[PDB]
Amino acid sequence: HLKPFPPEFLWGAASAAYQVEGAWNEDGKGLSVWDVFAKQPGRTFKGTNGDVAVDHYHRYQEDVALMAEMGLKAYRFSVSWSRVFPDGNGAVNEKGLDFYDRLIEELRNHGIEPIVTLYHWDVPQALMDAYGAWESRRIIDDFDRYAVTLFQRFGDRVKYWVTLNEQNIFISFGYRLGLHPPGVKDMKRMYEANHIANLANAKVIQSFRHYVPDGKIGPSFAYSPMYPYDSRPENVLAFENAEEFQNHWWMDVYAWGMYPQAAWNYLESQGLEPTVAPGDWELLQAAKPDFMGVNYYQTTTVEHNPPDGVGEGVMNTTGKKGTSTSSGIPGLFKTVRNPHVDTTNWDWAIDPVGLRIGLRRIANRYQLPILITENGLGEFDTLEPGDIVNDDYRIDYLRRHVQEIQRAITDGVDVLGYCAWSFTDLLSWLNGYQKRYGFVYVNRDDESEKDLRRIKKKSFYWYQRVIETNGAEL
């Protein structure tokens, strides 16, 4: 006897600006850290970059009408800070704001709720040049200026706002693994940049309470809930260490304004804990969000990792199955394959019960409503003659996840909406274009833009039916 999806439930889809828009140098846009980074040889699969992407900047009207045909209730998109401030903190580029105003008016004329993400990884390069972007306190008031600019221009028409999208990923990939700008591999630097970003998050939520008093705002955390391998007590302890270090490290700051203490102590023992200024704890504790945004693709299984043990591991970016290997922190935990679920070709675990677990943990720990800001399956799609894309595998993966969402609602979790990643196919940051996530196929590949034509996948019509029935038919 399941609860129904509430009447307001935001059935959505999502994108990110640098992955979709193109027009990387048009209408006064400044360079972002991604415009520069993806151009350095070797950084991205086959040198793929966002100069054009799938040209959503020019094609937004076509894309929006396709959202209207699907009947989408909400659209989640990111604003590119370099179009608004080409030098990050100078004078506003009105042409930049005018694209987003055009896009927002298009959505509202079709009855679609905009969900605006303030930051999806594309800090302007000028700020990196000036003071090292996220590594400097100067970015707090710079992000603030930007965010208020958007709050004052669009706050009357946008109620739902996301602050930092997957801060855990952009910080860790940019400063620990070196895979994303600025390409640094330095844990001390990572944790310092992380602290600054936590302060910037708080500062903008606070500003939001003044400028958009009737809006709702949250960060969007990349959440992979941890499991222990088994009931061996050392494996369970690994699970405690992992959930704390990977998930609580961020979500507790978001919900409570405090870092967990075991993880803090372990960092301190290693000289890695961030520098804290007078007033930091106060700011962080006073920035309560309306919801926890959750981007969910998979759970992670862990086991005991001796101090002489596994550290960085191999990340599958090819799409050859079986190629990833264990990653962890020596002495705390390492990952291991969950033998009780299937994986993708990119070795991502398929675990829709995991999403129920994840949503249950957040309610249980923080008592927060959740907006699911991303969930999706990336796979090769074949375009068959007659402009046909049979993506049964995507429908299956989305069906099972939406089913478990309802179970969670039934359990008592306040879930505000569900945004599938992605609306159209788009550019993956490191893996090019062939790992497709859209409801709408874009005719291009890694070698050619072809005509970038939009072709509705079978999953398009499945989700249209889900939305028309408010989830009752899956």
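Each residue number is its position in the shown sequence, starting from 1. If you superpose the two forms and keep the largest set of C-alpha atoms that fall within 1.5 Å, you have the rigid core.
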Top-deviation stretch by C-alpha RMS in 5 other deposited structures of this protein (rigid core reference), from 315-323, 96-104, is 315-323
Taking the deposited Cα B-factors and averaging over 12-20 and over 459-467, the higher mean is found in 459-467
Of 207-215 vs 188-196, the stretch with the larger average CA B-factor in the entry is 207-215
Entry record, C-alpha B-factors for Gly293, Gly174, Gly96, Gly311; the maximum is at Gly311
Of the residues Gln246, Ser80, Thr343, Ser136, the one whose Cα carries the largest B-factor in the deposited record is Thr343
By the entry's values, the third containing the CA B factor of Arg365 is the middle
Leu427: C-alpha B-factor third of its chain, per the entry, is the lowest
Chain thirds by Cα B factor, record data; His58 belongs to the middle
On the chain's distribution of Cα B-factors, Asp144 falls within the third called lowest
Of the three thirds of Cα B-factor ranks in this chain, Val162 occupies the lowest
